[PDB]
Amino acid sequence: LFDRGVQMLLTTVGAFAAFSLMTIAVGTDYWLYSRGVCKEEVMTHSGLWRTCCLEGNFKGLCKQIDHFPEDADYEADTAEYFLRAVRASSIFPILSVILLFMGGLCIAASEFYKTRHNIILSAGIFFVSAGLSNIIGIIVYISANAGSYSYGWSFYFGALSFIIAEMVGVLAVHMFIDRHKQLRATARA
Amino acid sequence: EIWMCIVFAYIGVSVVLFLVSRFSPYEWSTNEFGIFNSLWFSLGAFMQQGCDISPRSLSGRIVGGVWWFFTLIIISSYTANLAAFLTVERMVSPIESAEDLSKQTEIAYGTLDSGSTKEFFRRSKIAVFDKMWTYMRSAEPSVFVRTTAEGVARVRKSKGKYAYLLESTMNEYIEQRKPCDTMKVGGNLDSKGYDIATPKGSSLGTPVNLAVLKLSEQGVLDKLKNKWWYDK
Amino acid sequence: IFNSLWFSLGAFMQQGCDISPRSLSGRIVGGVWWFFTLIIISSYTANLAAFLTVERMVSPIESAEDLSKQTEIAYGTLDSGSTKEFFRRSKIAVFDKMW
Amino acid sequence: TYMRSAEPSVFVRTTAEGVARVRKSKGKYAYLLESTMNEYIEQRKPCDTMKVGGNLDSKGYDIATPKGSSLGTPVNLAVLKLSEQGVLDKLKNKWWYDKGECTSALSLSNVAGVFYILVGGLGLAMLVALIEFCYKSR
Amino acid sequence: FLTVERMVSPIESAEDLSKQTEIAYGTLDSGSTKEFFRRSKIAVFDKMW
Amino acid sequence: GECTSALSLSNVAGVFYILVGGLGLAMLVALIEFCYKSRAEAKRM
Amino acid sequence: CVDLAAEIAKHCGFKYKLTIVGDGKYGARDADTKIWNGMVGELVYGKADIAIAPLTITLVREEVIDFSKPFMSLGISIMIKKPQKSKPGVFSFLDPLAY
C-alpha cells in the first residue's frame with residue numbers, strides 16, 4: 001500500500017504463512033469433531049484422510065476414512081461418484097498447496113531479473129487461483145460430509161489460508177500496478 | 001457453512017473483479033474499480049441495492065453476472081426457507097384432546113398398571129378409547145407404570161415425550177405443585193364421583209345426603225376445592 | 001441530512017439511489033443498513049406468506065375469567081332459574097364480578 | 001422374460017432373504033410375493049418396506065378337511081358365516097394392524113451448484129482477461 | 001396458492017373417505033352392501049355407517 | 001373398454017405472450033417514428 | 001389361525017387339540033414315489049382331522065383333500081423399500097421452475 005521494501009517483505013511473509021497454513025491443514029487430521037466408528041459410536045477427530053478415535057476405549061488409534069464403502073453401497077449417479085473422487089483425492093486442496101508453492105517460487109524469482117515485471121502478475125494470478133481452489137475444496141469437503149459435528153483447527157487453518165492467499169494476491173497485483181506506473185512515469189520524462 | 005461460504009465467495013469475487021479490472025495496463029484509470037471499490041460493488045450486489053458503478057470489460061461483466069446469479073438464488077432461497085419455517089411453525093397444533101393424542105404416535109401415553117383408570121380402557125366401547133387400549137397393550141417397552149408417583153416423574157423426565165392418564169382431581173393438584181412443569185390438557189374421558197360412605201342402615205345416611213347437597217348449592221364445596229387447589 | 005434521509009428511505013424500499021457513499025465510514029453505514037433492510041423485508045414477506053397460507057381463528061373468550069375481565073362482549077343468564085341464582089349467591093370473586 | 005434373462009440372477013432362495021435383499025438395495029430391487037406376507041412385513045420394524053400396486057393374480061387360503069369326513073360341511077358354512085359376520089376381517093385387522101409395529105435449515109448441498117457455477121465463472125473471467133492481456137502484449 | 005395446492009391430496013382409501021365430509025357417499029337402498037356396514041364392527045367402517 | 005411439483009410453462013405463458021407483444025409494439029413504434037422522420041426530411045431537403 | 005380355530009370350534013361345538021406339523025411343509029406330492037407330505041399328508045393319511053392354517057387352495061391339493069371356501073383372499077404383490085428422503089442434486093436450485 002506504500003513504499004517498496006515493505007510490500008515485498010509483506011508479500012513474502014504472507015505467501016509463506018498461507019503455504020504453511022494450508023500444508024498444516026492438509027497434513028493434520030483435525031477437520032471435523034463428530035460421532036462415528038473409530039475402528040460402539042464414539043466422538044472422533046476427523047480430517048481429509050484418516051478419522052481417528054477420541055475419548056474412547058482405545059484413544060489415538062487412527063483409521064483411514066471410508067470414501068467408497070463396500071458391502072452393497074447401493075450406488076448412485078456418476079455425479080456422486082465424482083464428488084467422492086474429488087473428496088478422497090482432495091485434488092483441490094492439493095492443487096491449492098501446489099499453487100501456493102508456485103506463487104512462492106515466483107515471488108522468490110522476482111529478486112533475480114527484476115526487469116521481468118510479469119513474474120509479479122504471475123504470482124498474483126497463482127495466489128488468486130490458490131484461493132479459488134481452497135474455496136472449491138472447502139465446498140466439496142462440506143458437501144461430501146453432508147451425506148452433532150464441529151470443525152477442527154485444521155479446517156479453520158485452511159479457511160484462514162484462503163483469506164491470506166487472496167490478501168497476498170491483492171498486494172501482488174498491486175505491486176504489478178505500481179511497477180507499470182514506474183515505467184509510464186519515466187517514459188514521459 | 002452456507003454463511004461461511006457466502007463470505008468466502010464474496011471475498012473471492014471482489015478480489016477477482018479487482019484483478020480483472022486493473023491488472024492490464026492496456027486498460028490504464030478507465031475504470032473506478034479498485035480493491036475498495038470492488039468490495040463495495042460486491043456488497044451492493046449481494047444486498048440487491050443500487051450501485052454507483054458497473055463493470056465495463058468482458059471479464060468484469062462476467063464476474064458481475066455470475067455474482068448476480070449467485071446473489072439472486074441465495075436471496076430467493078433465504079426468503080423461501082424463512083417462509084417455510086414460519087408456515088410450518090404456524091400449523092403446529094398441540095394435542096388438546098384425547099382424540100388428538102390418539103391420532104398421533106410421537107408422544108407416548110400410558111396409565112397406571114393397576115387401577116380403575118386402567119380397567120376403563122379395557123372395557124370400553126367408544127372408538128377413541130379402544131384405539132388407545134390397543135396402542136398401549138401392544139407397545140415396547142410397556143407404557144404402564146406401577147405407581148402414579150413414579151409415573152408422574154416420567155412425564156417430567158421424558159421432556160414431553162410421555163403423557164400420563166390419571167384422575168382429573170390429581171391432575172389439577174399436581175399441576176399446581178412445584179416446579180409446576182406439568183399441565184392438564186383436554187377434557188375428562190369419563191365421569192366419576194367422590195362420595196361420603198356410611199354403613200348400611202346407619203342413621204347418618206339421610207342427613208349426610210342432604211348435607212352434601214346443601215354445601216354444593218350454597219357454594220361451599222366449590223369454595224373448598226378452590227381453596228385447596230388454587231389458593232394454596 | 002435531507003439527502004441522507006432520502007438515501008436511507010430508498011435503501012429500505014430497495015428502490016436504488018441517485019448517490020452512494022464513497023468514504024469508508026459512509027460505506028460501513030450503508031452496508032449495515034442494507035443488511036438490515038434485506039433481513040427485514042425478507043422477514044415481512046415470509047410472515048405474510050405464512051399468514052396467507054395457514055388460517056387460524058381463535059375465540060376472544062377461552063375461560064370463565066376472560067369473560068369477566070372484558071366488557072365488549074355481553075353475557076347473561078335466564079330470567080329466573082338455577083343458573084341465575086348460582087351467580088347471585090356465589091362468593092368467589094370471579095363469579096361475583098360477573099353477577 | 002426379463003428375470004430369466006437377467007444378470008445376476010434375480011431369484012431368491014427363501015422369502016426371508018428376499019425381504020432383506022430389498023432393504024439392502026436402497027430401492028434398486030423389487031420383490032414379488034403374496035399380498036398377505038407383504039402386508040405383514042410392512043407392519044414390522046423398522047418399517048422401511050411398503051406394498052405398491054394391486055394383486056397380479058387371485059388366490060385363497062382355506063381350511064382343509066380329509067375327503068369323506070363329516071366335518072367338511074359344517075366347517076364350510078362356518079367360514080361363510082364368519083366372513084359375512086365380519087369376524088374374519090377383525091381377526092385380520094387384529095394380527096396385522098392392531099399388533100403391527102408401525103423445518104430444517106438449507107444445507108450447503110442445496111446451493112453447491114450455484115457455488116460451483118460462481119467459481120467457474122470467476123475462473124472463466126480470469127482466463128478471458130489473461131488471454132486479452134496476452135493478445136495485447138503480442 | 002402454491003403451498004395450498006401442494007398440500008391438496010385427493011381421496012385414496014375408505015379411511016381417508018370416512019374422515020372428510022366434503023364429498024358425500026352412499027350405497028344401494030338394499031343388497032349386501034348395506035348389511036356389510038351395519039354388521040361391521042370395524043371402527044373405520046362403523047363411523048361411515 | 002373404451003377409455004408436477006415444478007412450475008410448468010403453462011402457468012407463465014401469458015407473461016411470455018405479453019413480453020413478445022411488447023417487443024413487437026416497440027418495434028412498430030420505432031419503425032413508425034423512423035418513417036415519419038424520413039418523410040419530414042425528404043420534403044424539407 | 002389360533003383365533004380362527006377357536007371360532008371354528010365354537011361354531012360347530014367340538015373340542016380340539018392344536019398341534020404343529022412335524023414336517024413343517026404345507027404339502028406336496030413326490031414325483032417318483034407319489035407320496036404326499038406336510039399338512040396334506042397328515043389329512044390324507046389320517047394324522048389329523050382338520051388343518052386350520054394358511055393352506056393355499058390349488059388344483060393338485062383339491063383332488064386329495066377337501067377345501068372350505070377361502071377365509072382370506074390374496075395374490076402376488078410388489079414389495080419395494082420406502083421412498084425415503086432423496087439427497088438434493090448439485091443443480092437442484094433450478095427445481096422450482098421447469099426446464
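Residues numbered from 1 in each chain as written, not as in the entry; some residues may be left out. Chains lettered and ligands numbered in written order. Part of a larger assembly, values for the part shown. Heavy atoms only, no water. Residues with missing side-chain atoms left out of burial classes, pairs and counts.

- Per the PDB record, the structure was determined using cryo-EM to 3.39 Å resolution.

## Considerations on the overall build of chain G
Line of reasoning, step 1. Tallying secondary structure elements over chain G gives three helices and six strands in all.
Line of reasoning, step 2. Along chain G, from the amino end to the carboxyl end, the secondary structure elements read α-β-β-α-β-α-β-β-β.
Line of reasoning, step 3. Each of the 99 residues in chain G was classed as buried or not, and the buried ones make up 32%.
Line of reasoning, step 4. When the accessible surface of chain G is summed, it comes to about 6400 Å², and 58% of that surface belongs to carbon and sulfur atoms. (Helix = DSSP H or I, 4+ residues; strand = E, 2+ residues; numbered from the N terminus. Buried < 20%, exposed > 50% of the residue type's maximum accessible area, 1.4 Å probe, protein only. Areas by Shrake-Rupley, 256 points an atom, 1.4 Å probe, with all protein chains shown as cover.)

## Side note on the interface of chain D and chain G
Interface extent is often summarised as the accessible area lost during association of the parts.
Line of reasoning, step 1. On the side of chain G, 47 residues touch chain D, which itself brings 57 residues to the contact.
Line of reasoning, step 2. Residues that form the side of chain D that touches chain G fall into these classes: 31 nonpolar, 14 polar and twelve charged.
Line of reasoning, step 3. Inspection of the sheet shows strand β3 (residues 59-66) of chain D paired to strand β5 (residues 72-74) of chain G by three bridges, in the antiparallel sense. Its bridge partner lying in β5(G), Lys59(D) is registered against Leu74(G). (Contact = heavy atoms within 4.5 Å. Nonpolar A, V, L, I, M, F, W, Y, C, P; charged D, E, K, R; others polar. Pairing = 2+ DSSP bridges.)

## What about the state of the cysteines?
Here, disulfide denotes a covalent bond that connects the sulfur atoms of two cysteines.
Line of reasoning, step 1. Tallying each qualifying case throughout the model produces three disulfides over all chains.
Line of reasoning, step 2. A sulfur-sulfur distance of 2.0 Å marks the disulfide that ties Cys52(A) to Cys62(A). On the sign convention where negative means left-handed, the S-S torsion of about -105° between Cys52(A) and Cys62(A) marks this disulfide as left-handed. Here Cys52(A) is found in strand β3 (residues 50-53), whereas its partner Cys62(A) is found in strand β4 (residues 62-64), with ten residues between them in sequence.
Line of reasoning, step 3. Overall, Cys62(A) belongs to the partly exposed group, its relative accessible area being 25%.
Line of reasoning, step 4. Each sulfur of the disulfide joining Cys47(D) and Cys102(D) lies 2.0 Å from the other. A torsion of -85° about the S-S bond marks the disulfide between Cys47(D) and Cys102(D) as left-handed. Note that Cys47(D) is positioned in the loop between α2 (35-42) and β2 (49-52) and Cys102(D) in the loop between α4 (87-98) and α5 (112-137), a separation of 55 residues in sequence.
Line of reasoning, step 5. On the basis of relative accessible area, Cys47(D) is assigned to the buried category, the value being 18%.
Line of reasoning, step 6. Distance from the sulfur of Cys51(B), which forms no disulfide, to the nearest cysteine sulfur (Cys17(C)) is 8.3 Å. (Disulfide = S-S within 2.5 Å.)

## Points about the environment of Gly36(A)
All names here are of chain A.
Line of reasoning, step 1. Assignment of secondary structure puts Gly-36 in strand β1 (residues 32-36).
Line of reasoning, step 2. By relative accessible area, which is 15% here, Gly-36 ends up buried.
Line of reasoning, step 3. Residues contacting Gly-36, with those up to four places away along its chain left out, are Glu-41, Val-42 and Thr-44.

## Here's the deal with the nonpolar core
Line of reasoning, step 1. By size, the foremost hydrophobic cluster in this structure holds 90 residues, and its most contacted members are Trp67(B), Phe70(B) and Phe115(D).
Line of reasoning, step 2. Setting aside chain neighbours within four positions, we find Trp67(B) in contact with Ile6(B), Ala9(B), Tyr10(B), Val13(B), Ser42(B), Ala45(B), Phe46(B) and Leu118(D).
Line of reasoning, step 3. If you look at the next biggest cluster of nonpolar residues, it comprises 16 residues, including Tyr61(D), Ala78(D), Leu4(G) and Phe71(G). (Core = buried A, V, L, I, M, F, W, Y, C linked by side-chain atoms within 4.5 Å.)

## Here we look at helix α1 (residues 5-27) of chain A
Line of reasoning, step 1. With 23 residues, α1(A) should cover 33 Å at 1.5 Å per step; its first-to-last C-alpha distance of 33 Å lies within 8% of that length.
Line of reasoning, step 2. Looking at the buried residues of α1(A), the elements they touch are α3 (91-109), α4 (118-145) and α5 (153-188) of chain A. (Expected span 1.5 Å × (residues − 1).)

## What to know about the arrangement of the chains
Line of reasoning, step 1. The pair of protein chains exhibiting the most contacts, out of twelve pairs of chains in contact, is chains D and G.
Line of reasoning, step 2. If you take every C-alpha in chain A and every C-alpha in chain C, the smallest gap between them is 16 Å, and the two do not touch.

## Details of the pattern of salt bridges
Residues and elements named next belong to chain B.
Line of reasoning, step 1. Throughout the structure, instances matching the rule amount to 13 salt bridges over all chains.
Line of reasoning, step 2. A salt bridge links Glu-119 to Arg-123, with the nearest nitrogen and oxygen atoms 3.0 Å apart.
Line of reasoning, step 3. Under the relative-accessibility criterion, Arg-123 is labelled exposed at 65%. (Salt bridge = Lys/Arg side-chain N within 4 Å of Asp/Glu carboxyl O.)

## Details of the UniProt feature "intramembrane region" in chain B
Line of reasoning, step 1. The positions UniProt marks with the feature "intramembrane region" are residues 33-48 and 49-51 of chain B.
Line of reasoning, step 2. For residues 33-48 of chain B, the end-to-end C-alpha separation is 18 Å, with 75% helix and 0% strand making up the annotated structure. (UniProt positions renumbered as here; feature names shortened; annotations may be inferred.)

## A few points about α3(A)
Residues and elements named next belong to chain A.
Line of reasoning, step 1. Under the 1.5 Å per step criterion, the end-to-end length of α3 is 26 Å for 19 residues, consistent within 8% with the ideal 27 Å.
Line of reasoning, step 2. Turning to α3, its buried residues are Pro-93, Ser-96, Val-97, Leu-99, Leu-100, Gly-103, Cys-106 and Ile-107.
Line of reasoning, step 3. Taken together, the buried residues of α3 touch α1, α4 and α5.

## What to know about the pairing of β3(D)
Moving residue by residue along a regular strand, the side chains alternate between the two faces of the sheet.
Line of reasoning, step 1. By the bridge criterion, three bridges tie β3(D) to strand β3 (residues 51-56) of chain G in an arrangement that is antiparallel. By the bridge assignment for β3(G), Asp62(D) is matched with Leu55(G).
Line of reasoning, step 2. The pairing of β3(D) with strand β4 (residues 65-67) of chain G spans three bridges and is antiparallel. Looking at β4(G), one finds that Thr65(D) is bridged to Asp66(G).

## Here we look at a negative patch on the surface
Line of reasoning, step 1. Taken together, the side chains of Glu96(B), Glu99(B), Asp100(B) and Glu62(C) define an acidic patch exposed on the protein surface.
Line of reasoning, step 2. In this fold, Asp100(B) is placed in helix α4 (residues 98-103). (Patch = residues over 30% accessible without salt bridge, like charges linked within 9 Å, V, L, I, M, F, W, Y side chains within 5 Å. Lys, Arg positive; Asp, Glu negative; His and termini not counted. Charge placed at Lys NZ, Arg CZ, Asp CG, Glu CD.)

## Some thoughts on the sheet that holds strand β5 (residues 149-150) of chain A
Residue and element names in this part refer to chain A.
Line of reasoning, step 1. Strand order in the open sheet made by the five strands is β4-β3-β2-β1-β5, with antiparallel pairing throughout. This sheet does not close on itself; its edge strands, each paired only once, are β4 and β5.
Line of reasoning, step 2. Note: β3 against β4, three bridges, orientation antiparallel. Paired with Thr-51 across the two strands is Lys-63, which belongs to β4.

## Focus: the pairing of β1(A)
All names here are of chain A.
Line of reasoning, step 1. Residues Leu-32, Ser-34 and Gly-36 point to one face of β1 and are all buried, whereas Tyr-33 and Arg-35, pointing to the other face, are not buried.
Line of reasoning, step 2. The pairing of β1 with strand β2 (residues 42-46) spans five bridges and is classified as antiparallel. Along β2, the bridge assignment pairs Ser-34 with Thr-44.

## Quick word on unusual backbone geometry
Line of reasoning, step 1. Here the residue pair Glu140(B) and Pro141(B) is connected by a cis peptide bond, since its omega of 0° sits within 30 degrees of zero.
Line of reasoning, step 2. Within the fold, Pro141(B) resides in the loop between α6 (127-137) and α7 (148-157).
Line of reasoning, step 3. The omega torsion of the bond from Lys45(D) to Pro46(D) falls at 0°, within 30 degrees of zero and hence cis.
Line of reasoning, step 4. By the secondary structure assignment, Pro46(D) is in the loop between α2 and β2.
Line of reasoning, step 5. The residue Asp71(A) is not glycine, and still its phi comes out positive at about 60°.
Line of reasoning, step 6. You can see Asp71(A) is positioned in the loop between β4 and α2 (78-89).
Line of reasoning, step 7. The exposed category is assigned to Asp71(A), whose relative accessible area is 75%.

## Digging into the environment of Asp48(D)
Line of reasoning, step 1. Positionally, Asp48(D) belongs in the loop between α2 and β2.
Line of reasoning, step 2. Along the primary structure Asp48(D) and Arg23(D) are separated by 25 residues, whereas in three dimensions their C-alpha atoms are 7.3 Å apart.
Line of reasoning, step 3. For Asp48(D), the residues in contact, after removing those within four places along its chain, are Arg23(D), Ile80(G), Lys81(G) and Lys82(G).

## Considering the packing of aromatic side chains
Line of reasoning, step 1. Taken as a whole and assessed by the stated rule, the structure comprises 38 aromatic pairs over all chains.
Line of reasoning, step 2. Ring pairs connect the aromatic residues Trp31(A), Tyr141(A), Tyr149(A), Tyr151(A), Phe155(A) and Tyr156(A), which therefore count as one cluster.
Line of reasoning, step 3. The side chain of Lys232(B) reaches across the aromatic face of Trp228(B), ending 4.7 Å from its centre.
Line of reasoning, step 4. The residue whose ring lies beneath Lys99(D) is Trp95(D), and the NZ or CZ to ring-centre distance is 3.5 Å. (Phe/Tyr/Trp six-rings, centres within 6.5 Å; stacked < 30°, edge-to-face > 60°. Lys NZ or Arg CZ within 6 Å of the ring centre and 35° of its normal.)

## Considering a positive patch on the surface
Line of reasoning, step 1. A surface patch of positive charge is lined by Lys223(B), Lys227(B), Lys232(B) and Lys91(C).
Line of reasoning, step 2. If you trace the backbone, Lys223(B) turns up in helix α10 (residues 220-231).

## As for the sheet that holds strand β6 (residues 76-81) of chain G
Line of reasoning, step 1. Read from one edge to the other, the open sheet built from three strands follows the order β1(D)-β6(G)-β2(D), with strand pairing classed as antiparallel. Whereas interior strands pair on both sides, the edge strands pair on one side only; in this sheet they are β1 (31-34) and β2 of chain D. With direction set aside, neighbouring strand axes in the sheet form an average angle of 40°.
Line of reasoning, step 2. In this structure, β2(D) lies alongside β6(G), joined through four bridges in antiparallel fashion. Note that in β6(G) the partner of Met50(D) across the bridge is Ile80(G).
Line of reasoning, step 3. Those strands touched by α2(D) are β1 and β2 of chain D together with β6 of chain G, and its axis lies near 110° from that of β1(D). (Axes fitted to C-alpha atoms, helices over the stretch in contact; angles between N-to-C directions.)

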